[PDB]
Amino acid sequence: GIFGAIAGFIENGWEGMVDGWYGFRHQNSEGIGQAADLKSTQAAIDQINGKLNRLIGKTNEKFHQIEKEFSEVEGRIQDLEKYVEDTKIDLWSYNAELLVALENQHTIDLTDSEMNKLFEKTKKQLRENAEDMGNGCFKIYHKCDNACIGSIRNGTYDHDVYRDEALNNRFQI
């Protein structure tokens, strides 16, 4: 949420996008389409796997320790045994609570960042051939068939080709 894209200017997610995390929907002369962006999707997934690598399968070996259950009252030495273990458990419990809450805040923010970066990259690509509608969508001011939309998704869109057509449509009365 800290970048303002997911649960911000993008009103909601798309349940019907099942082949990626981030993507493009278009409307043009040939119809209405959808496609996933692999690079954004992989960038977020790699970062989350990076967190998982640090947390999954990284446990520590302990062997002989101290007694932690007692069948007799004993006083001093048992108080101290109980206290040490209770102390240890509270500090680890604190560590686990804080870890999850920080990682979760950060995961939510990195996923929002990846969305914002894809929106910004796309906005620059379109140069003066489109305007931002404020809800994640661009109004493209020229004829843009499936190969054209394809060229925007693929990073090959040549903005000079449509610039004349777009400027004219943009600044008409």
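All residue numbers are counted from 1 along the displayed sequence.
Averaged over their C-alpha atoms, the temperature factors of 164-172 and 1-9 are higher for 164-172. Per the PDB record, of the two stretches 58-66 and 132-140, 58-66 carries the greater mean B-factor over its C-alpha atoms.
In the PDB entry, the Cα temperature factor peaks, among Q105, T111, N49, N146, at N146. Across the options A44, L126, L38, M115, the residue with the most elevated CA B-factor in the record is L38.
Among the modelled residues of the chain, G16 sits in the highest third by CA temperature factor in this PDB entry. Among the modelled residues of the chain, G23 sits in the lowest third by CA temperature factor in this PDB entry.
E72: CA B factor lies in the highest third for its chain, per the PDB record.
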